[PDB]
There are 4 protein chains.
Amino acid sequence: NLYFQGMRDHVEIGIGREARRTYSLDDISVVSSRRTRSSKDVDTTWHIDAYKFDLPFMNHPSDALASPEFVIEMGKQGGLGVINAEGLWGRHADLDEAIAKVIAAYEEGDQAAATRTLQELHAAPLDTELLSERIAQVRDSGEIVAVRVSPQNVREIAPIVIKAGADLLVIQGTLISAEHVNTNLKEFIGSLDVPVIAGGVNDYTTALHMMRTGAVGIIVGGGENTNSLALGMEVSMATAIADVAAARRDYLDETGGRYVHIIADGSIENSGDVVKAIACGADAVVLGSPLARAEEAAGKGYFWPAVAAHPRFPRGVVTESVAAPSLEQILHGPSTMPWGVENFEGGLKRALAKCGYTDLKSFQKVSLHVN
Amino acid sequence: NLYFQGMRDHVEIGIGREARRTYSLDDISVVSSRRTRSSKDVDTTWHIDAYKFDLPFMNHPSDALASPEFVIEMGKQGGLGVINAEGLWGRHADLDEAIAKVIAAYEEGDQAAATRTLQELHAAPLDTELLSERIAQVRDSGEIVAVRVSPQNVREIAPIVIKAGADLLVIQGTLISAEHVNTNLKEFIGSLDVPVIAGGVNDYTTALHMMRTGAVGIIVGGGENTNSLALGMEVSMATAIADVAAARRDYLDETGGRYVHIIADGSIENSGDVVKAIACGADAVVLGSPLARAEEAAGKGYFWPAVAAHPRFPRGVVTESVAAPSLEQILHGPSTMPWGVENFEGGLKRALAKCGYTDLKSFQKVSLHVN
Amino acid sequence: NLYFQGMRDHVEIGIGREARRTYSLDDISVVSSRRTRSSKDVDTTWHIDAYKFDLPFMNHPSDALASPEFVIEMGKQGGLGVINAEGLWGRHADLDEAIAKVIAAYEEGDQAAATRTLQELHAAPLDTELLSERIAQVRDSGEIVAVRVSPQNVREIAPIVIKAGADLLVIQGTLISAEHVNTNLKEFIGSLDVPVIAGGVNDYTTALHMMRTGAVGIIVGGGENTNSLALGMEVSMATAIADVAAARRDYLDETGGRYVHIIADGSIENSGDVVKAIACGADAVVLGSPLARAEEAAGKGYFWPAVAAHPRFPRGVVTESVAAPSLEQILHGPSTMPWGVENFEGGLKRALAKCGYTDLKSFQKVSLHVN
Amino acid sequence: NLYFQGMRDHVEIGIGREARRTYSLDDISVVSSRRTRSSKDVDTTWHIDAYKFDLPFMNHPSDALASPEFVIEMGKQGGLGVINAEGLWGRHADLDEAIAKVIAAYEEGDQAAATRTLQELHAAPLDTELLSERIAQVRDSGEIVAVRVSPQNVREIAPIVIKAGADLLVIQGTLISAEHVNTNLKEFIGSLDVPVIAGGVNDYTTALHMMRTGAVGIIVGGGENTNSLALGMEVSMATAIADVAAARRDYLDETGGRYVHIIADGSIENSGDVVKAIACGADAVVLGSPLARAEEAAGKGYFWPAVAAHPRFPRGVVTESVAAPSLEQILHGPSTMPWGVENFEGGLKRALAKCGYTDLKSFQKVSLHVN
């Protein structure tokens with residue numbers, strides 16, 4: 001079986017060189033083989049660590065979305081709001097003014113001026129007291145405080161943001177490993193009194209090693225980026241989620257029950273993509289660019305990942321969305337758009353119900369087609 | 001054989017996760033391996049229950065097509081006219097005025113205003129006496145009266161439309177199951193004195209269970225909808241028709257001869273798509289958007305499925321067609337367009353004849369290519 | 001071997017329904033594994049029946065190309081000129097005027113007016129004396145006279161065109177069979193004193209039966225047409241040429257040496273397509289739309305197949321090409337365009353030479369890639 | 001294994017005709033399965049013959065890039081500058097004026113006038129003293145002098161360019177073989193006192209024979225050309241690099257250690273393509289059209305291969321790029337563009353580091369995905 005399956009799943013690229021066939025969310029679809037259920041009976045609650053969210057959604061931690069206002073509203077709307085500790089929050093007193101400059105640059109001088117402007121704004125020094133002040137606004141709302149730090153600066157910044165009120169620490173790059181060789185993360189994560197979500201991790205082995213650090217969640221994928229063009233690396237999200245889910249299953253066995261959550265970030269533009277991510281093994285999803293249309297989004301319709309601001313090798317671009325709906329409408333409807341970019345909750349519940357499922361974990365076994 | 005075939009027809013998406021390879025009508029083509037026949041010798045008659053139609057065609061039951069005028073003309077032209085009981089017919093005294101508002105909204109404010117306008121018009125209460133009056137116009141023509149009801153409201157609405165003159169009841173959603181769990185259909189169908197066509201059903205098991213309810217026909221596919229984007233569900237029509245045909249074959253055996261018709265609705269834009277649907281196992285086809293060009297179509301060139309009007313989660317859009325031909329010309333020619341959107345009869349007969357077949361049932365065994 | 005190969009070359013479309021995987025010219029490419037040869041050493045001569053052509057090319061017999069002038073020039077330039085007996089030649093005294101009307105209709109009213117105009121012009125009665133007069137112009141030039149007749153009217157028209165001077169009879173439809181059932185061709189072909197080329201034939205069995213009629217050549221493919229959209233039939237030319245070549249090999253064995261030529265018509269836009277057709281087994285190729293750019297082409301840059309003029313079910317469209325080059329330049333260069341649409345001879349010879357071959361028959365064994 | 005693998009890697013095109021499945025750089029991606037390294041620890045040095053280049057890059061030898069200024073700057077920036085001996089350098093006293101005419105022709109009269117203008121400029125006689133003068137400018141800079149000659153004229157031109165100062169001879173056509181039959185290269189290469197790089201070679205056998213001539217490097221691929229359209233030949237670069245790498249491995253064994261470099265030229269538009277080429281087995285890469293944006297590029301944003309100028313069968317086109325960056329910025333950054341067309345060094349190092357590698361040779365074993 002594994003002999004013939006591996007034969008089928010691999011190709012000879014050339015004499016003495018093989019590759020593994022892998023799949024994107026666009027390559028697959030979910031199938032109804034069961035008696036249909038009612039969408040009103042579908043449970044979309046997300047239980048992670050000590051938290052229960054109404055929706056299995058976290059925003060991507062880019063400043064294009066995540067003003068303090070937005071983060072609080074994400075929590076009010078049933079999801080997990082996530083802050084970028086290392087973007088514009090601690091670097092510019094007037095956060096709206098900084099965002100406005102990126103927008104102006106994009107409209108006046110395309111993605112080139114936008115990149116240049118992002119590079120300059122992110123090059124300004126990080127004022128930890130200003131960052132802490134903004135985190136306190138989120139904390140004082142009563143919503144759960146999740147703060148993202150880069151793998152590069154986690155040891156320096158994590159204690160500052162935890163002191164400021166972070167309930168959950170997100171260590172997120174487009175790609176992370178548990179062990180890095182320079183010129184450990186287990187002890188560091190073990191030392192914290194807050195749960196940690198870490199990523200991006202796209203392979204089984206790296207995932208398993210990351211789970212062994214004590215992380216409560218693993219982010220699969222790299223969000224929005226230009227890695228395919230710049231690095232020749234393109235995550236096949238269906239395969240990546242499924243492989244990381246296999247690591248989760250094996251880690252559950254090895255520990256006798258510790259359940260590490262799989263959170264998909266990448267290739268997610270609509271509610272169908274969310275459905276497919278859950279089907280592949282994800283417990284939850286990061287929503288990025290679809291939330292840029294929200295009235296509350298800091299970037300007014302524009303989106304960019306943090307990696308768009310790298311000073312030497314930017315790997316992201318500013319995109320613009322295609323009267324703004326509220327974040328509530330985007331997440332809960334009523335939808336006035338049939339393209340799956342509003343009422344994410346409704347689409348998720350209807351898909352599960354049509355397929356005969358009433359909870360997210362069970363839906364990870366739904367039948368799949370590859371088209 | 002089944003071991004290696006299943007190996008070939010499945011893929012490993014990732015570690016411990018498999019998917020079935022499936023196919024669309026666009027993926028396939030019909031092949032001539034036989035002595036050619038004459039198109040004048042090809043029989044396209046469709047014998048279902050007590051009816052014999054000249055053409056194996058029914059219109060999709062959306063108001064964009066199905067005014068009383070249109071429905072009658074579909075019957076006059078040799079097909080089966082189908083009415084939407086739950087659209088605009090019972091909700092607005094002036095049906096042309098209601099249609100005009102959707103058109104105006106689309107031209108003035110794109111698919112957003114169209115969706116909003118459809119949502120509002122469908123939210124108006126259903127007057128069963130107004131609906132019955134319109135059904136009576138169709139009944140009084142002498143054409144066969146087919147009326148569609150949603151799975152949701154079939155128990156309430158079916159008896160009203162049967163009383164009004166329905167000869168055939170169509171229970172149609174984008175996806176239906178024989179058994180639904182809320183918070184049976186066999187007894188209900190068995191209680192009626194009219195034949196029932198039910199769908200959409202896309203899988204073998206659901207089809208077999210639906211056949212066991214007493215339905216005389218099964219609709220395969222979901223018509224036009226945005227399920228791929230909104231739910232992550234995309235019907236692979238070639239595979240779906242073939243799978244439902246296998247259920248039909250097995251149901252024929254189990255009952256000793258009861259023949260349930262397979263009617264394809266989805267992925268059908270031209271006469272070649274119709275040919276391919278029959279080749280895969282369909283006895284007949286629903287024609288939707290291609291008929292929107294007809295002079296008699298209520299929507300004047302525009303099309304939309306009923307699901308475009310859902311108040312919380314619309315899953316369809318208003319499309320516009322690319323001096324109107326008559327429905328007669330669209331169905332029987334002479335065609336002045338070589339793209340397969342007129343003279344559907346002619347294309348079907350010519351395809352069968354070129355492939356060496358003179359009837360629709362036999363054509364279900366034609367050789368296929370996958371390109 | 002055949003068990004596993006057939007498994008690999010077939011797919012399960014659905015439960016109990018299979019299809020054969022097939023390939024287009026666009027799917028393949030020719031490979032150099034040998035010592036390179038010089039293009040000046042490559043022999044492109046085409047020896048068929050009693051004729052030797054400098055180039056293995058015949059024009060597609062549509063009036064958009066084939067005025068008497070053009071046909072003669074095709075012969076002067078080293079190929080085989082082919083006349084449509086059943087187009088405009090015998091139907092309109094002023095052939096340029098008729099062509100001008102199609103052009104005017106296309107520019108003034110798109111493909112709809114063009115179709116309508118073609119339908120009307122072809123509906124005018126065929127004057128056999130006018131047709132014979134035009135054929136005599138070609139005959140009197142000293143070039144080889146090839147005349148195409150439809151399968152439908154071959155018994156009526158073939159003797160007229162042979163009397164008028166035809167040296168070769170081409171019986172061409174988009175698809176032909178040796179035996180047709182209505183409401184034989186062997187005896188008919190056997191009765192003629194001229195060699196016969198017949199097609200289109202795309203399958204092994206039909207080809208073998210057509211070879212047994214006495215035909216000296218088989219046309220594979222249907223030229224330009226809308227069969228994919230109108231009939232759900234799309235020829236996979238790489239597979240079709242290869243399958244018909246297998247019939248040729250077997251027919252050669254069965255007869256002890258009778259060699260039936262394979263002439264590809266379909267999917268041929270550039271010199272690379274020609275190369276690929278020969279690689280798959282073709283002895284020669286029909287050039288259609290690429291020749292419409294020739295100064296001598298009757299249609300002044302426009303192209304259409306005869307099937308664009310069918311009165312009830314047209315299956316072709318008028319296309320327009322993208323200071324006219326001469327037919328000599330298109331066939332022999334010098335090319336000033338690097339896209340393979342001029343100097344067809346040069347491209348063919350260079351491809352063979354780069355691959356290590358110096359004649360067309362040997363090149364049918366060249367290594368292939370599927371991309 | 002080889003039985004089933006070959007079955008899997010081949011397809012039946014038709015009865016009795018097979019093809020090999022092959023792959024492009026676009027079909028693949030590189031995978032991180034290891035602990036990540038730091039990009040500052042990645043060694044990108046290229047050791048070939050007696051030379052050590054900071055970057056594993058050579059420019060494509062077309063005049064659109066390679067003025068003497070540009071060639072020198074390529075060397076100053078850490079790569080290998082390569083001169084076309086047979087382009088405009090020896091044919092026109094005023095090289096900028098000649099380039100200006102191609103640009104003018106392209107802007108005023110599209111790719112047709114550009115082709116015609118290139119044909120005429122290249123038809124002017126080669127003045128070996130003018131060529132030698134320009135080569136001397138490069139030589140006097142102190143940078144390494146690499147000069148390209150065509151396979152056609154290598155015996156005549158190679159001694160002239162070596163006398164003028166060439167340190168490395170590049171014998172480059174879109175496709176070359178070790179042995180050519182007209183109407184040897186080992187002795188010729190063996191007679192020279194300079195190392196030789198030869199190509200394009202895309203297959204194992206031709207590569208092995210070319211290695212046996214004494215060449216120190218093999219160019220895989222044909223640069224930019226229209227061979228797919230004109231000849232029906234399209235190089236699948238992933239497969240071609242891998243196959244030529246297998247020849248390199250076997251040649252290393254047969255000789256007991258002679259290492260022939262693999263240099264990819266074709267399908268390389270961005271840093272991700274470079275990464276993928278190295279992963280497939282390349283030691284270095286030719287950069288062509290991406291360098292046309294450099295302020296120092298002779299063609300001011302325009303690019304063309306030498307084969308665009310062929311007098312009878314041109315196989316290339318003039319393309320235009322989409323305030324000019326310096327060549328330094330294109331090769332070393334800082335990048336202000338996230339699409340992988342600047343800071344090639346940075347992208348290469350970051351990709352290796354993310355995948356867990358610190359040198360180019362080791363990276364040839366990185367895991368691959370086929371998407």
# chains A, B, ... in the order shown; residues from 1 in each chain; ligands from 1

call {"tool": "closest_atom_pairs", "arguments": {"of": "chain C", "to": "chain D", "cutoff": "8 Å", "atoms": "only C-alpha atoms", "output": "JSON lines"}}
result
{"residue": "C:4", "atom": "CA", "partner": "D:7", "partner_atom": "CA", "distance": 7.9}
{"residue": "C:5", "atom": "CA", "partner": "D:7", "partner_atom": "CA", "distance": 7.0}
{"residue": "C:8", "atom": "CA", "partner": "D:8", "partner_atom": "CA", "distance": 7.5}
{"residue": "C:9", "atom": "CA", "partner": "D:12", "partner_atom": "CA", "distance": 6.6}
{"residue": "C:22", "atom": "CA", "partner": "D:13", "partner_atom": "CA", "distance": 6.6}
{"residue": "C:23", "atom": "CA", "partner": "D:13", "partner_atom": "CA", "distance": 6.3}
{"residue": "C:28", "atom": "CA", "partner": "D:19", "partner_atom": "CA", "distance": 8.0}
{"residue": "C:29", "atom": "CA", "partner": "D:233", "partner_atom": "CA", "distance": 5.2}
{"residue": "C:30", "atom": "CA", "partner": "D:233", "partner_atom": "CA", "distance": 5.3}
{"residue": "C:31", "atom": "CA", "partner": "D:233", "partner_atom": "CA", "distance": 6.5}
{"residue": "C:32", "atom": "CA", "partner": "D:203", "partner_atom": "CA", "distance": 7.6}
{"residue": "C:33", "atom": "CA", "partner": "D:203", "partner_atom": "CA", "distance": 6.4}
{"residue": "C:34", "atom": "CA", "partner": "D:206", "partner_atom": "CA", "distance": 7.3}
{"residue": "C:35", "atom": "CA", "partner": "D:180", "partner_atom": "CA", "distance": 5.4}
{"residue": "C:36", "atom": "CA", "partner": "D:180", "partner_atom": "CA", "distance": 5.1}
{"residue": "C:37", "atom": "CA", "partner": "D:181", "partner_atom": "CA", "distance": 5.1}
{"residue": "C:38", "atom": "CA", "partner": "D:182", "partner_atom": "CA", "distance": 5.5}
{"residue": "C:40", "atom": "CA", "partner": "D:183", "partner_atom": "CA", "distance": 7.3}
{"residue": "C:41", "atom": "CA", "partner": "D:183", "partner_atom": "CA", "distance": 6.5}
{"residue": "C:238", "atom": "CA", "partner": "D:13", "partner_atom": "CA", "distance": 6.6}
{"residue": "C:239", "atom": "CA", "partner": "D:14", "partner_atom": "CA", "distance": 4.5}
{"residue": "C:240", "atom": "CA", "partner": "D:14", "partner_atom": "CA", "distance": 7.1}
{"residue": "C:241", "atom": "CA", "partner": "D:14", "partner_atom": "CA", "distance": 7.9}
{"residue": "C:242", "atom": "CA", "partner": "D:14", "partner_atom": "CA", "distance": 4.9}
{"residue": "C:243", "atom": "CA", "partner": "D:15", "partner_atom": "CA", "distance": 5.0}
{"residue": "C:246", "atom": "CA", "partner": "D:15", "partner_atom": "CA", "distance": 6.0}
{"residue": "C:270", "atom": "CA", "partner": "D:229", "partner_atom": "CA", "distance": 6.4}
{"residue": "C:271", "atom": "CA", "partner": "D:230", "partner_atom": "CA", "distance": 5.2}
{"residue": "C:272", "atom": "CA", "partner": "D:232", "partner_atom": "CA", "distance": 3.7}
{"residue": "C:273", "atom": "CA", "partner": "D:232", "partner_atom": "CA", "distance": 6.2}
{"residue": "C:275", "atom": "CA", "partner": "D:232", "partner_atom": "CA", "distance": 6.0}
{"residue": "C:276", "atom": "CA", "partner": "D:232", "partner_atom": "CA", "distance": 6.1}
{"residue": "C:280", "atom": "CA", "partner": "D:17", "partner_atom": "CA", "distance": 7.5}
{"residue": "C:333", "atom": "CA", "partner": "D:312", "partner_atom": "CA", "distance": 6.4}
{"residue": "C:334", "atom": "CA", "partner": "D:312", "partner_atom": "CA", "distance": 4.4}
{"residue": "C:335", "atom": "CA", "partner": "D:312", "partner_atom": "CA", "distance": 5.4}
{"residue": "C:336", "atom": "CA", "partner": "D:116", "partner_atom": "CA", "distance": 6.2}
{"residue": "C:337", "atom": "CA", "partner": "D:112", "partner_atom": "CA", "distance": 6.3}
{"residue": "C:338", "atom": "CA", "partner": "D:315", "partner_atom": "CA", "distance": 4.8}
{"residue": "C:339", "atom": "CA", "partner": "D:229", "partner_atom": "CA", "distance": 5.7}
{"residue": "C:340", "atom": "CA", "partner": "D:230", "partner_atom": "CA", "distance": 4.0}
{"residue": "C:341", "atom": "CA", "partner": "D:230", "partner_atom": "CA", "distance": 7.7}
{"residue": "C:343", "atom": "CA", "partner": "D:313", "partner_atom": "CA", "distance": 7.2}
{"residue": "C:346", "atom": "CA", "partner": "D:313", "partner_atom": "CA", "distance": 6.8}
{"residue": "C:347", "atom": "CA", "partner": "D:231", "partner_atom": "CA", "distance": 5.7}
{"residue": "C:348", "atom": "CA", "partner": "D:231", "partner_atom": "CA", "distance": 6.8}
{"residue": "C:350", "atom": "CA", "partner": "D:231", "partner_atom": "CA", "distance": 7.2}
{"residue": "C:351", "atom": "CA", "partner": "D:231", "partner_atom": "CA", "distance": 5.0}
{"residue": "C:354", "atom": "CA", "partner": "D:175", "partner_atom": "CA", "distance": 7.7}
{"residue": "C:367", "atom": "CA", "partner": "D:19", "partner_atom": "CA", "distance": 7.0}
{"residue": "C:368", "atom": "CA", "partner": "D:19", "partner_atom": "CA", "distance": 4.7}
{"residue": "C:369", "atom": "CA", "partner": "D:20", "partner_atom": "CA", "distance": 4.8}
{"residue": "C:370", "atom": "CA", "partner": "D:21", "partner_atom": "CA", "distance": 4.8}
{"residue": "C:371", "atom": "CA", "partner": "D:22", "partner_atom": "CA", "distance": 5.5}

call {"tool": "residues_around", "arguments": {"residues": "residue 44 in chain D", "least_positions_apart": "5", "cutoff": "9 Å", "atoms": "only C-alpha atoms", "output": "VMD selection string"}}
result
chain D and resid 53 to 56 345 348 to 349 358 to 360

call {"tool": "closest_atom_pairs", "arguments": {"of": "range 213-317 of chain A", "to": "range 78-85 of chain A", "cutoff": "12 Å", "atoms": "only C-alpha atoms", "output": "JSON lines"}}
result
{"residue": "A:263", "atom": "CA", "partner": "A:80", "partner_atom": "CA", "distance": 11.9}
{"residue": "A:284", "atom": "CA", "partner": "A:79", "partner_atom": "CA", "distance": 10.1}
{"residue": "A:285", "atom": "CA", "partner": "A:79", "partner_atom": "CA", "distance": 10.2}
{"residue": "A:286", "atom": "CA", "partner": "A:80", "partner_atom": "CA", "distance": 9.3}
{"residue": "A:287", "atom": "CA", "partner": "A:79", "partner_atom": "CA", "distance": 10.1}
{"residue": "A:288", "atom": "CA", "partner": "A:82", "partner_atom": "CA", "distance": 10.9}
{"residue": "A:291", "atom": "CA", "partner": "A:81", "partner_atom": "CA", "distance": 11.8}
{"residue": "A:297", "atom": "CA", "partner": "A:81", "partner_atom": "CA", "distance": 11.9}
{"residue": "A:298", "atom": "CA", "partner": "A:83", "partner_atom": "CA", "distance": 11.9}
{"residue": "A:305", "atom": "CA", "partner": "A:84", "partner_atom": "CA", "distance": 10.3}
{"residue": "A:306", "atom": "CA", "partner": "A:84", "partner_atom": "CA", "distance": 8.5}
{"residue": "A:307", "atom": "CA", "partner": "A:84", "partner_atom": "CA", "distance": 11.9}

call {"tool": "select_by_dssp", "arguments": {"residues": "range 159-292 of chain A", "states": "helix (DSSP H, G or I)", "output": "number ranges by chain"}}
result
A: 159-164, 185-191, 204-211, 227-230, 237-255, 271-279, 289-292

call {"tool": "atom_distance", "arguments": {"atom1": "CA of residue 213 in chain D", "atom2": "CA of residue 39 in chain C"}}
result
24.1 Å

call {"tool": "residues_around", "arguments": {"residues": "residue 259 in chain C", "least_positions_apart": "5", "cutoff": "8 Å", "atoms": "only C-alpha atoms", "output": "list in words"}}
result
residues 216, 248, 251 and 252 of chain C

call {"tool": "write_last_selection", "arguments": {"atoms": "N, CA and C atoms", "output": "short mmCIF file (atom, residue, chain, number, x, y, z; two decimals), in the first residue's frame"}}
result
data_model
loop_
_atom_site.label_atom_id
_atom_site.label_comp_id
_atom_site.auth_asym_id
_atom_site.auth_seq_id
_atom_site.Cartn_x
_atom_site.Cartn_y
_atom_site.Cartn_z
N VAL C 216 -6.02 6.59 -50.88
CA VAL C 216 -4.55 6.70 -50.83
C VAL C 216 -4.10 7.56 -49.65
N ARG C 248 -2.58 2.63 -40.01
CA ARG C 248 -1.73 2.63 -41.23
C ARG C 248 -0.70 1.52 -41.18
N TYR C 251 -2.54 -1.81 -41.61
CA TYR C 251 -3.02 -1.89 -42.97
C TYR C 251 -1.86 -2.21 -43.93
N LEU C 252 -0.70 -1.62 -43.68
CA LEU C 252 0.51 -1.91 -44.43
C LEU C 252 0.81 -3.40 -44.30
#

call {"tool": "residues_around", "arguments": {"residues": "residue 138 in chain D", "least_positions_apart": "6", "cutoff": "9 Å", "atoms": "only C-alpha atoms", "output": "list in words"}}
result
residues 68, 69, 71, 72, 144, 145 and 165 of chain D

call {"tool": "write_last_selection", "arguments": {"atoms": "N, CA and C atoms", "output": "CSV table (one decimal), in the first residue's frame"}}
result
chain,number,residue,atom,x,y,z
D,68,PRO,N,30.4,46.9,-23.3
D,68,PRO,CA,31.6,46.7,-22.5
D,68,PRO,C,31.4,47.1,-21.0
D,69,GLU,N,30.7,48.3,-20.8
D,69,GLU,CA,30.4,48.9,-19.5
D,69,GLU,C,29.7,47.9,-18.6
D,71,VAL,N,29.4,44.5,-19.0
D,71,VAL,CA,30.2,43.3,-18.7
D,71,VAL,C,31.1,43.5,-17.6
D,72,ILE,N,31.8,44.7,-17.6
D,72,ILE,CA,32.7,45.0,-16.5
D,72,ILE,C,32.0,45.2,-15.2
D,144,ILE,N,37.2,39.3,-15.2
D,144,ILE,CA,37.4,38.1,-16.0
D,144,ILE,C,36.6,38.3,-17.3
D,145,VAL,N,37.3,37.9,-18.4
D,145,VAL,CA,36.8,38.1,-19.8
D,145,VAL,C,36.2,36.8,-20.3
D,165,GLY,N,41.9,38.6,-25.4
D,165,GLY,CA,41.9,38.6,-24.0
D,165,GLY,C,40.9,37.6,-23.3

call {"tool": "select_by_dssp", "arguments": {"residues": "range 101-227 of chain A", "states": "strand (DSSP E or B)", "output": "NGL selection string"}}
result
:A and (146-149 or 168-172 or 180-181 or 196-199 or 217-220)

call {"tool": "residues_around", "arguments": {"residues": "residue 362 in chain C", "least_positions_apart": "5", "cutoff": "10 Å", "atoms": "only C-alpha atoms", "output": "number ranges by chain"}}
result
C: 278-279, 281, 352, 356-357

call {"tool": "atom_distance", "arguments": {"atom1": "CA of residue 162 in chain D", "atom2": "CA of residue 139 in chain D"}}
result
10.9 Å

call {"tool": "atom_distance", "arguments": {"atom1": "CA of residue 300 in chain C", "atom2": "CA of residue 58 in chain C"}}
result
18.9 Å

call {"tool": "closest_residue", "arguments": {"among": "D:262, D:154, D:294, D:330", "to": "residue 361 in chain D", "atoms": "only C-alpha atoms"}}
result
D:262

call {"tool": "residues_around", "arguments": {"residues": "residue 260 in chain C", "least_positions_apart": "6", "cutoff": "12 Å", "atoms": "only C-alpha atoms", "output": "PyMOL selection string"}}
result
chain C and resi 47-49+195-198+207-219+244-253+281-284

call {"tool": "residues_around", "arguments": {"residues": "range 125-136 of chain A", "least_positions_apart": "5", "cutoff": "6 Å", "atoms": "only C-alpha atoms", "output": "compact mmCIF listing (two decimals) with C-alpha atoms, in the first residue's frame"}}
result
# COMPACT_ATOMS: atom_id res chain seq x y z
CA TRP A 89 1.91 50.60 17.12
CA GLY A 90 5.08 51.40 19.08
CA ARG A 91 6.83 53.32 16.24
CA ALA A 164 1.25 45.07 29.13

call {"tool": "decode", "arguments": {"residues": "range 58-67 of chain C", "atoms": "N, CA, C and O atoms", "output": "PDB file, in the first residue's frame"}}
result
ATOM      1  N   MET C  58      -0.948  20.770 -47.984  1.00  0.00           N
ATOM      2  CA  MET C  58      -2.094  21.044 -48.843  1.00  0.00           C
ATOM      3  C   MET C  58      -2.871  22.161 -48.158  1.00  0.00           C
ATOM      4  O   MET C  58      -2.823  22.276 -46.930  1.00  0.00           O
ATOM      5  N   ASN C  59      -3.499  23.041 -48.915  1.00  0.00           N
ATOM      6  CA  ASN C  59      -4.318  24.049 -48.283  1.00  0.00           C
ATOM      7  C   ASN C  59      -5.650  23.425 -47.884  1.00  0.00           C
ATOM      8  O   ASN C  59      -6.138  22.490 -48.511  1.00  0.00           O
ATOM      9  N   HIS C  60      -6.241  23.964 -46.812  1.00  0.00           N
ATOM     10  CA  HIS C  60      -7.616  23.594 -46.454  1.00  0.00           C
ATOM     11  C   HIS C  60      -8.547  24.126 -47.572  1.00  0.00           C
ATOM     12  O   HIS C  60      -8.423  25.275 -47.980  1.00  0.00           O
ATOM     13  N   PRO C  61      -9.459  23.258 -48.077  1.00  0.00           N
ATOM     14  CA  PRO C  61     -10.322  23.685 -49.174  1.00  0.00           C
ATOM     15  C   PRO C  61     -11.524  24.514 -48.761  1.00  0.00           C
ATOM     16  O   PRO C  61     -12.657  24.055 -48.813  1.00  0.00           O
ATOM     17  N   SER C  62     -11.266  25.750 -48.354  1.00  0.00           N
ATOM     18  CA  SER C  62     -12.278  26.719 -48.109  1.00  0.00           C
ATOM     19  C   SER C  62     -12.020  27.848 -49.071  1.00  0.00           C
ATOM     20  O   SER C  62     -10.865  28.215 -49.328  1.00  0.00           O
ATOM     21  N   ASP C  63     -13.115  28.459 -49.502  1.00  0.00           N
ATOM     22  CA  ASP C  63     -13.049  29.627 -50.379  1.00  0.00           C
ATOM     23  C   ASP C  63     -12.350  30.859 -49.804  1.00  0.00           C
ATOM     24  O   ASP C  63     -11.920  31.729 -50.578  1.00  0.00           O
ATOM     25  N   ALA C  64     -12.265  30.942 -48.457  1.00  0.00           N
ATOM     26  CA  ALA C  64     -11.517  32.015 -47.804  1.00  0.00           C
ATOM     27  C   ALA C  64     -10.061  32.012 -48.268  1.00  0.00           C
ATOM     28  O   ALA C  64      -9.400  33.019 -48.266  1.00  0.00           O
ATOM     29  N   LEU C  65      -9.553  30.863 -48.639  1.00  0.00           N
ATOM     30  CA  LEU C  65      -8.230  30.763 -49.255  1.00  0.00           C
ATOM     31  C   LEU C  65      -8.291  30.573 -50.763  1.00  0.00           C
ATOM     32  O   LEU C  65      -7.693  31.329 -51.534  1.00  0.00           O
ATOM     33  N   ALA C  66      -9.070  29.562 -51.148  1.00  0.00           N
ATOM     34  CA  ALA C  66      -8.936  28.929 -52.439  1.00  0.00           C
ATOM     35  C   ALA C  66      -9.698  29.472 -53.619  1.00  0.00           C
ATOM     36  O   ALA C  66     -10.575  28.827 -54.128  1.00  0.00           O
ATOM     37  N   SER C  67      -9.264  30.644 -54.048  1.00  0.00           N
ATOM     38  CA  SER C  67      -9.625  31.164 -55.372  1.00  0.00           C
ATOM     39  C   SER C  67      -8.797  30.345 -56.364  1.00  0.00           C
ATOM     40  O   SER C  67      -7.822  29.706 -55.985  1.00  0.00           O
TER      41      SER C  67
END
